[PDB]
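Participant: Handing you this structure, nothing more for now.
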Amino acid sequence: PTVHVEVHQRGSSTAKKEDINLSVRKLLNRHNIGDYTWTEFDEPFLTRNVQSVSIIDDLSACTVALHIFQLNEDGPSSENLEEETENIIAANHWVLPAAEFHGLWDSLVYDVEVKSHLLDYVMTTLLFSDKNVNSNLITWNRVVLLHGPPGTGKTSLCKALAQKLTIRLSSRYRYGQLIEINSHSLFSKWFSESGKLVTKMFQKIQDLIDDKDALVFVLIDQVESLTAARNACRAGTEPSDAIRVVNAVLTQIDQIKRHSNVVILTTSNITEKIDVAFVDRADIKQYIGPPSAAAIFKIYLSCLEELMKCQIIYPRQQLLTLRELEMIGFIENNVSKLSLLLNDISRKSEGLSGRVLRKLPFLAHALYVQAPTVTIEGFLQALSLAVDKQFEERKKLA
Amino acid sequence: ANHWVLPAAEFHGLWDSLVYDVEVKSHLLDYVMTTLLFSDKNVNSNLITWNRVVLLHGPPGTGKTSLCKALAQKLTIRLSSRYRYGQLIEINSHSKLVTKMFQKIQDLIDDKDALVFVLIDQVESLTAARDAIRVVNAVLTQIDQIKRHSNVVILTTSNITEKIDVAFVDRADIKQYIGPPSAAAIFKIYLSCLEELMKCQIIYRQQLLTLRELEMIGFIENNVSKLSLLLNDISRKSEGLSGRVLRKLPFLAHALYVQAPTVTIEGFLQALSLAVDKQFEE
Ligand SMILES: Nc1ncnc2c1ncn2[C@@H]1O[C@H](COP(=O)(O)OP(=O)(O)OP(O)(O)=S)[C@@H](O)[C@H]1O
């Protein structure tokens with residue numbers, strides 16, 4: 001029936017698709033038996049080729065759907081104006097599954113589970129595209145929009161989607177790309193320092209698109225830099241140029257709604273005022289506020305199990321998840337003290353930013369420990385004091 | 001574009017030599033003391049918030065690069081265990097040098113007991129006097145590409161307040177801003193001046209009762225210790241000066257009231273008091 005599995009590779013290894021495919025199939029057959037992350041390989045051919053094999057969201061006997069990528073170490077690249085005296089235009093670039101973003105998919109957590117939504121979005125996209133929907137009969141326009149409080153892992157989430165679909169589309173793409181021009185001329189807004197540059201960017205996009213053996217993620221954070229609100233005030237000190245900015249963006253999006261392999265992901269800080277078109281030129285809207293207690297506790301679990309995994313938490317302990325702690329009947333016992341304290345930590349950790357959230361432990365160990373010789377049961381209380389100080393600096397900005 | 005070995009005696013002692021307003025010694029320890037903690041075990045990078053990039057900004061020449069240097073010093077001091085030696089590098093905006101420079105930096109990285117440091121002056125001032133563009137992007141790519149090396153430490157120095165573009169410091173993970181130096185450091189700069197002046201009877205002697213000298217004497221307000229109070233006087237509202245204006249001050253004082261080949265220091269002292277009085281009537 002329905003089973004789909006991923007394959008992570010070592011850089012210097014250079015075996016072909018089919019060979020590693022057969023190898024991982026043989027491992028799946030040898031096991032034939034929740035998720036699991038194959039990283040320790042009896043088979044030395046695997047260790048020579050494969051790093052990890054994961055179960056991405058017990059039965060095994062199903063249609064083996066394997067996908068073998070290779071993380072690339074090239075992080076930056078050139079994308080700016082090239083005529084003369086032009087470097088700082090700063091259109092950040094990436095190649096597809098290149099290393100930087102490994103595991104970053106399952107990194108984030110959102111109880112709304114926009115993940116699955118966003119995923120089978122593009123899945124069903126290609127589905128229709130295969131069935132050759134007569135476009136103008138039933139039409140959809142390649143935009144996906146999110147927004148919320150700043151720093152909420154938004155750009156992160158975009159890139160995660162990119163990587164994950166990537167692994168889902170080596171079958172259909174040799175590679176792909178990622179664009180991010182955001183914040184460079186997204187805070188200047190001068191004469192065509194917006195417009196002309198948008199034309200240039202979508203020129204570059206247009207060209208870099210038509211590789212049908214390549215997928216395209218156009219990522220535009222800071223969309224609130226690309227809205228004019230249609231002059232909510234009759235003070236057009238800088239309303240005129242902004243109008244044209246908006247029109248450029250809309251027009252480019254449209255003109256490129258005719259490329260089989262183009263997905264655009266966009267995010268914004270301000271809740272409102274951000275457009276009248278985009279909001280209505282929006283295949284899918286989304287507001288992603290502060291994470292609930294669930295995601296907070298999950299992020300806690302994650303970082304804690306990592307620092308265990310890093311031996312930085314030296315005594316490797318074990319915790320209990322949300323419904324796991326629900327199962328113990330909230331019995332305050334030996335195992336449960338740390339986990340229930342962590343629950344109350346999340347509780348008194350309400351309304352924060354994933355930025356600050358997965359910032360916490362550094363400044364915690366900083367202001368409280370400054371020692372690799374440290375364990376849990378003190379790390380929690382020190383962390384809590386750190387978080388209180390974090391509240392106090394969030395109020396220190398008034 | 002220069003070199004330093006760790007604790008070797010070039011800047012031996014520069015550590016305490018820059019007392020700052022707001023514990024940043026013990027604080028900024030935490031930065032690397034935990035950065036290397038996390039850099040050891042290759043923690044969930046994608047998850048857990050770290051880079052290896054020191055960065056502050058403020059009034060230029062405020063012991064910032066100097067604190068970076070004495071910081072590499074104190075880092076080896078605290079942590080010669082994880083690093084039986086290490087290598088500090090002046091990467092100069094004055095500018096190929098970059099290619100073999102980061103090659104040498106790779107050499108530095110080659111060793112587990114080589115506490116690498118990446119010191120760059122005026123990191124964003126790259127866009128001040130602007131074909132050094134490949135210099136720019138080569139340094140950038142090297143930054144983002146040698147971070148994964150655990151013995152790497154990136155010592156960035158803004159030298160520009162909050163006017164920093166994307167490629168550099170929005171990349172940062174830990175930052176700090178500090179205003180004018182304390183009465184102590186103000187005093188030390190005054191001391192530099194008064195030594196330059198007592199170089200040739202320019203202001204003519206009483207050896208300068210330095211800060212720790214002020215402390216050891218148990219505050220015996222006497223012939224010279226009055227400096228302290230007048231120091232504090234000349235540090236009372238001195239909060240807000242710039243190092244440029246700081247060192248400019250004694251010059252201007254001598255300009256106003258001395259008008260002479262030389263006066264006894266005390267006249268100059270009250271003179272600079274009144275000069276700063278002017279300068280913060282502003
Ligand atoms: N649900 C989450 N799970 C794990 N990490 C999260 C989550 N939400 C946010 N984060 C973290 O928040 C950090 C902030 O990243 P950013 O990309 O700056 O946030 P953002 O969504 O891009 O918003 P901006 O405006 O682009 S900063 C990310 O590096 C994530 O690690």
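Quick note on naming: the chains in the structure tokens go A, B, ... in the order shown, residues restart at 1 in each chain, and ligands are numbered from 1 in order of appearance.
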Got a sec to pull out which chain B residues are within 7 Å of chain A, counting only C-alpha atoms, and send them as a compact mmCIF listing (two decimals) with N, CA, C and O atoms, in the first residue's frame?

Facilitator:
# COMPACT_ATOMS: atom_id res chain seq x y z
N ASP B 30 31.22 33.74 28.99
CA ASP B 30 30.19 32.75 28.70
C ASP B 30 30.12 32.48 27.21
O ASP B 30 29.92 31.34 26.79
N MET B 33 33.09 30.29 26.30
CA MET B 33 33.11 29.20 27.27
C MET B 33 31.97 28.22 27.03
O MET B 33 32.06 27.04 27.40
N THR B 34 30.91 28.68 26.39
CA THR B 34 29.81 27.79 26.05
C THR B 34 29.77 27.53 24.55
O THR B 34 29.27 26.49 24.11
N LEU B 37 31.89 24.58 24.22
CA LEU B 37 31.02 23.54 24.75
C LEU B 37 30.16 22.94 23.64
O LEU B 37 30.23 21.74 23.35
N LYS B 41 30.54 18.96 20.39
CA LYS B 41 29.77 17.74 20.18
C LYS B 41 28.83 17.82 18.98
O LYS B 41 28.04 16.89 18.77
N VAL B 43 26.08 19.79 18.12
CA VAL B 43 24.73 19.79 18.65
C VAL B 43 23.76 20.05 17.50
O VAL B 43 24.19 20.31 16.38
N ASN B 44 22.44 19.97 17.75
CA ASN B 44 21.48 20.16 16.67
C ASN B 44 21.58 21.58 16.14
O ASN B 44 20.82 22.47 16.53
N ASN B 46 20.87 22.94 13.23
CA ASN B 46 19.60 23.41 12.70
C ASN B 46 18.66 23.82 13.83
O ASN B 46 17.96 24.84 13.73
N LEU B 47 18.66 23.07 14.93
CA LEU B 47 17.78 23.42 16.03
C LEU B 47 18.36 24.54 16.88
O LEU B 47 17.75 25.61 17.03
N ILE B 48 19.54 24.33 17.45
CA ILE B 48 19.92 24.96 18.70
C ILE B 48 20.87 26.12 18.41
O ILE B 48 21.85 25.96 17.67
N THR B 49 20.58 27.28 18.99
CA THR B 49 20.99 28.59 18.46
C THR B 49 22.44 28.91 18.79
O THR B 49 22.74 29.50 19.83
N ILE B 133 35.59 43.52 -4.18
CA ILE B 133 34.34 42.81 -3.99
C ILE B 133 34.57 41.31 -3.81
O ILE B 133 33.95 40.67 -2.95
N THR B 141 32.20 33.71 2.27
CA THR B 141 32.06 32.27 2.09
C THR B 141 32.96 31.52 3.05
O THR B 141 32.55 30.50 3.61
N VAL B 166 23.07 42.59 5.44
CA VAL B 166 22.55 41.25 5.72
C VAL B 166 23.69 40.25 5.88
O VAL B 166 23.76 39.52 6.88

Participant: Mind checking which residues fall within 10 Å of segment 177-184 of chain B, counting only C-alpha atoms, ignoring those fewer than 4 positions away in the same chain, and posting them as a ChimeraX atom specification?

Facilitator: /B:17-22,24,55-59,62-64,161-162,188-190,210-212,228,231-243,246

Participant: Pick the closest to ligand 1 from B:65, B:51, B:259, B:81: which is it, counting only C-alpha atoms and all ligand atoms?

Facilitator: B:51

Participant: Excluding segment 273-278 of chain B and residues on its chain fewer than 2 positions from it, collect all residues at most 7 Å away from it, counting only C-alpha atoms, and give them as a ChimeraX atom specification.

Facilitator: /B:233-234,253,269-271,280-282

Participant: Go ahead and save the residues from that selection, with N, CA and C atoms, as a compact mmCIF listing (two decimals), in the first residue's frame.

Facilitator:
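Writing done, so here's out_33.txt:
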# COMPACT_ATOMS: atom_id res chain seq x y z
N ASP B 233 35.11 63.67 39.27
CA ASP B 233 34.58 64.93 38.76
C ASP B 233 34.63 64.95 37.25
N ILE B 234 35.82 64.70 36.70
CA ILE B 234 36.04 64.68 35.26
C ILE B 234 35.53 63.35 34.72
N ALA B 253 41.74 71.31 27.02
CA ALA B 253 42.00 71.90 28.33
C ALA B 253 43.28 72.71 28.29
N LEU B 269 44.37 69.97 35.57
CA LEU B 269 43.31 69.06 35.96
C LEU B 269 42.00 69.80 36.14
N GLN B 270 42.03 70.84 36.98
CA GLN B 270 40.85 71.69 37.12
C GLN B 270 40.47 72.32 35.79
N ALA B 271 41.45 72.57 34.93
CA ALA B 271 41.17 73.13 33.62
C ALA B 271 40.37 72.16 32.78
N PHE B 280 29.86 69.34 28.18
CA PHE B 280 28.55 68.80 28.48
C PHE B 280 27.55 69.86 28.91
N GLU B 281 27.92 71.14 28.86
CA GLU B 281 26.90 72.17 28.73
C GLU B 281 26.25 72.13 27.35
N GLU B 282 26.85 71.39 26.42
CA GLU B 282 26.47 71.39 25.02
C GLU B 282 25.12 70.71 24.80

Participant: Atom 24 (P, counted along the ligand's line) of ligand 1 and atom CA of residue 267 of chain A are how many Å apart?

Facilitator: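 Going from atom 24 (P, counted along the ligand's line) of ligand 1 over to atom CA of residue 267 of chain A covers 8.2 Å.
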
Participant: Report the distance between atom CA of residue 152 of chain A and atom CA of residue 197 of chain A in Å, rounded to one decimal place.

Facilitator: 27.3 Å

Participant: Which residues are close to residue 247 of chain A, i.e. within 10 Å by only C-alpha atoms, leaving aside same-chain residues fewer than 6 positions away? Reply as a PyMOL selection string.

Facilitator: chain A and resi 195+226-228+241+253+277

Participant: In Å, with one decimal, what is the gap from atom CA of residue 269 of chain A to atom 24 (P, counted along the ligand's line) of ligand 1?

Facilitator: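 Going from atom CA of residue 269 of chain A over to atom 24 (P, counted along the ligand's line) of ligand 1, I get 7.8 Å.
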
Participant: Which residues in segment 184-269 of chain A does DSSP call alpha helix (DSSP H)? List them as a VMD selection string.

Facilitator: chain A and resid 195 to 209 240 to 255

Participant: Produce a file of the selected residues containing N, CA and C atoms, as a short mmCIF file (atom, residue, chain, number, x, y, z; two decimals), in the first residue's frame.

Facilitator:
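Wrote it out as part_5.cif, contents follow:
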data_model
loop_
_atom_site.label_atom_id
_atom_site.label_comp_id
_atom_site.auth_asym_id
_atom_site.auth_seq_id
_atom_site.Cartn_x
_atom_site.Cartn_y
_atom_site.Cartn_z
N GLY A 195 11.61 48.62 -7.59
CA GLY A 195 11.01 48.11 -8.81
C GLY A 195 11.96 47.43 -9.77
N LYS A 196 12.86 48.22 -10.35
CA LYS A 196 13.89 47.73 -11.24
C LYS A 196 14.52 46.45 -10.70
N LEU A 197 14.77 46.43 -9.40
CA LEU A 197 15.38 45.26 -8.81
C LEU A 197 14.44 44.06 -8.84
N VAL A 198 13.14 44.29 -8.64
CA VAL A 198 12.19 43.19 -8.74
C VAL A 198 12.19 42.62 -10.15
N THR A 199 12.21 43.50 -11.14
CA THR A 199 12.31 43.06 -12.52
C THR A 199 13.54 42.20 -12.72
N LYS A 200 14.69 42.66 -12.22
CA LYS A 200 15.91 41.86 -12.32
C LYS A 200 15.73 40.49 -11.67
N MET A 201 15.18 40.47 -10.46
CA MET A 201 15.09 39.21 -9.74
C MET A 201 14.25 38.22 -10.51
N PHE A 202 13.08 38.64 -10.96
CA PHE A 202 12.24 37.70 -11.68
C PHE A 202 12.80 37.39 -13.06
N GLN A 203 13.61 38.27 -13.64
CA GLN A 203 14.40 37.86 -14.79
C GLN A 203 15.21 36.62 -14.45
N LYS A 204 16.02 36.73 -13.39
CA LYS A 204 16.86 35.61 -12.98
C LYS A 204 16.02 34.38 -12.71
N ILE A 205 14.88 34.56 -12.06
CA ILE A 205 14.01 33.43 -11.78
C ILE A 205 13.57 32.78 -13.09
N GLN A 206 12.88 33.56 -13.92
CA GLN A 206 12.43 33.15 -15.24
C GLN A 206 13.45 32.26 -15.92
N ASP A 207 14.69 32.74 -15.99
CA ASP A 207 15.72 31.94 -16.63
C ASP A 207 15.97 30.65 -15.86
N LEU A 208 16.23 30.76 -14.56
CA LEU A 208 16.59 29.58 -13.78
C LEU A 208 15.44 28.60 -13.63
N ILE A 209 14.28 28.88 -14.23
CA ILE A 209 13.11 28.02 -14.03
C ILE A 209 13.16 26.80 -14.93
N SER A 240 3.87 56.14 -4.30
CA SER A 240 3.84 55.94 -5.74
C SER A 240 4.69 54.75 -6.14
N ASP A 241 5.98 54.79 -5.81
CA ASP A 241 6.88 53.69 -6.14
C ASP A 241 6.37 52.38 -5.57
N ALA A 242 5.83 52.41 -4.35
CA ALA A 242 5.35 51.18 -3.73
C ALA A 242 4.22 50.55 -4.52
N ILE A 243 3.34 51.38 -5.09
CA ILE A 243 2.29 50.85 -5.95
C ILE A 243 2.90 50.01 -7.06
N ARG A 244 3.91 50.56 -7.73
CA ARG A 244 4.54 49.84 -8.83
C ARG A 244 5.27 48.61 -8.32
N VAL A 245 5.83 48.68 -7.12
CA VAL A 245 6.43 47.49 -6.54
C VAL A 245 5.41 46.37 -6.51
N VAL A 246 4.27 46.65 -5.90
CA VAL A 246 3.20 45.67 -5.79
C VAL A 246 2.81 45.15 -7.16
N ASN A 247 2.66 46.05 -8.14
CA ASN A 247 2.17 45.60 -9.43
C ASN A 247 3.18 44.68 -10.09
N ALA A 248 4.46 45.05 -10.01
CA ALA A 248 5.52 44.19 -10.50
C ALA A 248 5.39 42.81 -9.91
N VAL A 249 5.22 42.74 -8.59
CA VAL A 249 5.22 41.44 -7.93
C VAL A 249 4.06 40.60 -8.44
N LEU A 250 2.86 41.18 -8.41
CA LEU A 250 1.68 40.47 -8.88
C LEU A 250 1.86 39.99 -10.31
N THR A 251 2.33 40.88 -11.18
CA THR A 251 2.48 40.55 -12.58
C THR A 251 3.47 39.43 -12.79
N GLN A 252 4.59 39.47 -12.07
CA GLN A 252 5.56 38.40 -12.21
C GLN A 252 4.96 37.08 -11.78
N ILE A 253 4.29 37.08 -10.63
CA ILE A 253 3.66 35.86 -10.12
C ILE A 253 2.74 35.28 -11.18
N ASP A 254 1.89 36.12 -11.75
CA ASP A 254 0.98 35.66 -12.78
C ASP A 254 1.78 35.07 -13.93
N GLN A 255 2.58 35.90 -14.59
CA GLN A 255 3.30 35.47 -15.78
C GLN A 255 3.99 34.14 -15.55
#

Participant: Can you list, as a ChimeraX atom specification, every protein, DNA or RNA residue that comes within 9 Å of residue 63 of chain A when you count only C-alpha atoms, leaving out same-chain residues fewer than 3 positions away?

Facilitator: /A:1-4,60

Participant: Set the distance at 8 Å and use only C-alpha atoms: which residues neighbour residue 24 of chain A once local chain neighbours fewer than 3 positions away are removed? I'd like the list as JSON, numbers by chain.

Facilitator: {"A": [7, 20, 21, 27, 28, 46, 66]}

Participant: Store the residues picked out above, limited to C-alpha atoms, as a PDB file, in the first residue's frame.

Facilitator:
ATOM      1  CA  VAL A   7      17.890   7.938   2.297  1.00  0.00           C
ATOM      2  CA  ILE A  20      22.038   2.259  -2.948  1.00  0.00           C
ATOM      3  CA  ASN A  21      18.337   1.714  -3.645  1.00  0.00           C
ATOM      4  CA  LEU A  27      17.888  -3.544   4.798  1.00  0.00           C
ATOM      5  CA  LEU A  28      14.121  -3.001   4.845  1.00  0.00           C
ATOM      6  CA  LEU A  46      25.718   1.110   3.593  1.00  0.00           C
ATOM      7  CA  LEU A  66      13.045   5.090  -1.445  1.00  0.00           C
TER       8      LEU A  66
END

Participant: Which of these residues is nearest to residue 131 of chain B, using only C-alpha atoms: A:14, A:144, A:398, A:84?

Facilitator: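 Distance minimum relative to residue 131 of chain B lands on A:84.
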
Participant: Counting only C-alpha atoms and all ligand atoms, figure out which residue out of A:25, A:298, A:164, A:285 gets nearest to ligand 1.

Facilitator: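 Of A:25, A:298, A:164, A:285, the one nearest ligand 1, counting only C-alpha atoms and all ligand atoms, is A:298.
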
Participant: If you count only C-alpha atoms, which residues fall within 10 Å of residue 225 of chain B, apart from same-chain ones fewer than 3 positions away, as JSON, numbers by chain?

Facilitator: {"B": [208, 209, 210, 213, 214, 217, 219, 220, 221, 222, 228, 229, 230, 231]}
